[PDB]
Amino acid sequence: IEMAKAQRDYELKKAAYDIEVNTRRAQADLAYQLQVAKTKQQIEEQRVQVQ
Amino acid sequence: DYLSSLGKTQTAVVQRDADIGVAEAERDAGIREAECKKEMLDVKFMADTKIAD
């Protein structure tokens with residue numbers, strides 16, 4: 001019984017921490033695409049100004 | 001086999017006592033070993049929780 005008590009006490013916190021780390025990693029992965037699009041805005045703004 | 005039959009009465013009484021004693025000893029060993037295992041798992045899981053944090 002106490003075995004399962006400790007198993008819960010460990011697993012629940014591990015999952016709760018995993019939620020936060022997964023959210024932050026998901027944000028970090030797509031920050032690159034967000035910025036590259038934001039600057040491709042100006043890239044295209046000038047690549048059409050030449051026209 | 002008169003006498004061999006007559007010895008049957010107590011040839012098992014000592015075996016009875018030996019079985020009772022070994023059963024009690026194994027019971028005590030098992031209970032206290034389970035207690036030790038429980039305590040060590042609790043502390044190990046607390047340490048692992050801190051590591052996870």
# chains A, B, ... in the order shown; residues from 1 in each chain; ligands from 1

$ interface_residues --of "chain B" --to "chain A" --cutoff "9 Å" --atoms "only C-alpha atoms" --output "ChimeraX atom specification"
/B:37-39,41-43,45-46,48-49,52-53

$ atom_distance --atom1 "atom CA of residue B:33" --atom2 "atom CA of residue B:15"
26.6 Å

$ atom_distance --atom1 "atom CA of residue B:50" --atom2 "atom CA of residue A:26"
24.1 Å
